[PDB]
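Taken in order, these protein sequences are the chains called U and S.
Add 2 to the 1-based position in the first sequence for UniProt numbering, that's all there is to it.
Add 189 to the 1-based position in the second sequence for UniProt numbering, that's all there is to it.
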Amino acid sequence: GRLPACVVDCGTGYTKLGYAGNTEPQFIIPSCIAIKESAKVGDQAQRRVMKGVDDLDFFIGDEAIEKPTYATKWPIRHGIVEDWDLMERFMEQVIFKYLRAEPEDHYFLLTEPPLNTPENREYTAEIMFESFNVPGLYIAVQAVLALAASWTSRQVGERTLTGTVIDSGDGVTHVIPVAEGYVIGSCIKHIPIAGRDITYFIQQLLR
Amino acid sequence: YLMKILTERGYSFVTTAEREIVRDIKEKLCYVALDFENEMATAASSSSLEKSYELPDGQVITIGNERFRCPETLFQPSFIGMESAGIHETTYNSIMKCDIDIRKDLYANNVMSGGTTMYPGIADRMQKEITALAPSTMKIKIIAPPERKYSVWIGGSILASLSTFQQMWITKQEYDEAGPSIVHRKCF
Ligand SMILES: Nc1ncnc2c1ncn2[C@@H]1O[C@H](COP(=O)(O)OP(=O)(O)O)[C@@H](O)[C@H]1O
Ligand SMILES: [Mg+2]
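Encoded structure:
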């Protein structure tokens with residue numbers, strides 16, 4: 003009766019959520035996060051410093067859109083993140099409220115864009131090991147996960163490791179080939195245009 | 190009001206071009222009076238106060254009491270019929286509504302700006318009125334920089350040059366997301 007680990011696919015757009023050993027991602031919510039910020043002017047020497055318990059007085063998810071007194075502030079921007087405190091707040095909120103998983107007795111796998119710099123991964127892993135005290139961690143590119151999921155298209159029993167994946171994203175779509183399990187490192191290119199700027203152009207023309 | 194009084198003198202101005210002409214006339218030949226009654230009495234002896242201005246057509250207009258009459262409307266809004274108080278009274282009320290301790294600091298520092306406060310002697314009249322209204326036990330100082338016309342622009346430039354303000358701006362990602370109700374929340 004070993005406990006299942008936890009599966010999370012963070013990103014700029016709708017963040018997928020759910021548990022392992024299951025055939026449907028139970029929770030699919032945006033990255034929108036609320037905060038009790040307002041209009042101070044001293045905002046570059048005390049970003050927030052919320053007095054008392056007001057620091058955690060913020061919602062998350064689809065319920066966070068319909069709160070018209072705070073600020074909807076997306077933490078992610080095509081992989082790279084400016085301030086990761088909002089990311090930590092979102093992670094704690096999800097793990098506790100939605101997943102309800104104790105980090106000390108669970109394994110977390112995280113996904114990041116291939117262009118993510120080493121510093122961000124190092125510091126997020128440090129944050130996890132320090133605060134959540136997760137026994138185990140693992141981060142890998144999302145291309146191989148897509149290749150594994152592609153087997154369901156037809157003839158799952160027929161092993162087919164070779165191929166290539168061009169994945170989409172809210173702010174990034176990448177190209178990654180697979181050669182019998184081993185990918186090519188130098189044959190990877192990052193595309194900045196994605197499914198968000200398209201909507202920007204749509205609205206700009208429509209206005 | 191200056192147009193209305195210039196009518197009482199004998200000179201008529203209605204259209205907008207003469208509005209600009211009267212604006213220039215006020216900008217060039219207007220000043221405030223320390224004492225209204227004394228100035229009126231000296232005007233009764235009108236032999237040293239009248240001044241002449243040259244119109245574009247060449248006509249010459251002589252202006253007497255109107256030089257120190259229109260500015261007094263600021264201290265006497267009843268002239269135009271407005272049921273309000275003068276700038277001195279409003280500033281006194283505003284300072285009184287503040288906390289007692291900060292009243293001393295507010296009295297010690299009184300910055301003024303704008304294009305309507307360049308009339309010579311305005312600072313002296315304001316100081317006299319405030320000291321008369323305020324208790325006569327402290328010191329009231331009026332600061333009148335000679336470049337108050339562009340003070341707002343200079344302050345805006347300095348604020349923009351500030352390093353800390355480089356992040357307080359409002360970007361377009363912001364607006365891509367919601368009707369500009371965002372101007373208020375923030376950016377204020
Ligand atoms: N059926 C669809 N038609 C058009 N665009 C879609 C559709 N489904 C998703 N999208 C777009 O793809 C984006 C989400 O792709 P996704 O990769 O899941 O975001 P992320 O990079 O965080 O994983 C959305 O911004 C959305 O605009
Ligand atoms: Mg993605």
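Cβ atoms here follow ideal geometry from the backbone N, Cα and C, with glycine treated the same way.
Following a CB-centred definition, is residue i positioned closer than 7 Å to any heavy atom of ligand 1?
i      : result
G63/U  : no
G197/U : yes
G20/U  : no
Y100/U : no
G13/U  : yes
Short of 8 Å in beta carbon distance, which residues of its chain neighbour residue i, apart from the five on each side in sequence? Order them along the chain.
i             : result
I332/S        : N298, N299, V300 and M301
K293/S        : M327
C189/U        : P179
residue 457/S : Because residue 457/S is not part of the residues shown, which for chain S are 190 to 377, the question remains open.
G310/S        : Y220, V221, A222 and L223
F354/S        : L348
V136/U        : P105, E106, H108, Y109, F110 and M130
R314/S        : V221, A222, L223 and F264
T205/S        : none
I284/S        : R292, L295 and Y296
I359/S        : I371, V372, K375 and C376
Keeping to the same chain, check which residues put their C-beta closer than 7 Å to that of residue i; ignore five residues upstream and five downstream.
i      : result
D172/U : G13, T14, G15, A196, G197 and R198
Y140/U : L111
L5/U   : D107 and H108
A181/U : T164
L263/S : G275 and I276
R79/U  : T14 and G173
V9/U   : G20, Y21, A22 and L111
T320/S : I329
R123/U : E114 and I141
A127/U : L139
Starting from the beta carbon of residue i, find every residue of chain A whose beta carbon is closer than 7 Å, and list them in chain order.
i      : result
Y202/U : Here the protein chains are U and S, and chain A is not one of them.
Any heavy atom of ligand 2 inside 7 Å of the beta-carbon of residue i?
i      : result
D172/U : yes
Below 7 Å, is the gap between the Cβ of residue i and the nearest heavy atom of ligand 3?
i     : result
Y16/U : The model depicted lacks ligand 3 and carries ligand 1 and ligand 2 instead.
Leaving out five residues before and five after residue i in sequence, what residues of the same chain have Cβ atoms less than 6 Å from its Cβ?
i      : result
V177/U : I168 and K191
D11/U  : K18 and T113
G138/U : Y109
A36/U  : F60, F61, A66, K69 and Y72
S33/U  : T17, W76 and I78
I250/S : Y200 and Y242
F134/U : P105
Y364/S : none
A103/U : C8 and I97
Just mark residue i as buried or exposed, buried being the case when its beta carbon has 16 or more other beta carbons within 10 Å.
i      : result
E239/S : exposed
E114/U : buried
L19/U  : buried
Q206/U : exposed
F203/U : exposed
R209/U : exposed
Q95/U  : buried
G253/S : exposed
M271/S : exposed
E255/S : buried
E216/S : exposed
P260/S : buried
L58/U  : exposed
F98/U  : exposed
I214/S : buried
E132/U : exposed
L101/U : buried
Within the region 231–302 of chain S, ranges of the alpha helix (DSSP H) (whole runs, at least 4 residues): 255–258, 261–264, 276–285 and 289–297
In chain order, each beta strand (DSSP E) run of at least 3 residues that lies wholly inside the region 16–103 of chain U: 17–21 and 29–31
In chain order, each alpha helix (DSSP H) run of at least 4 residues that lies wholly inside the region 141–200 of chain U: 144–152
Residues in the region 264–292 of chain S having any Cβ partner in chain U nearer than 7 Å: none
Interfacial residues, the region 330–353 of chain S to chain U, with Cβ spacing under 7 Å: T353
Length at least 4, wholly inside the region 343–377 of chain S: the alpha helix (DSSP H) runs in chain order: 361–366
Members of the region 69–88 of chain U near chain S, C-beta cut-off 9 Å: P70, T71, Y72, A73, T74, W76 and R79
3 or more residues per run - each beta strand (DSSP E) lying fully within the region 108–132 of chain U: 109–113
Complete alpha helix (DSSP H) runs within the region 190–230 of chain S (minimum length 4 residues, chain order): 191–198 and 205–217
Where the region 228–246 of chain S meets chain U: residues whose CB sits under 8 Å from a CB there: none
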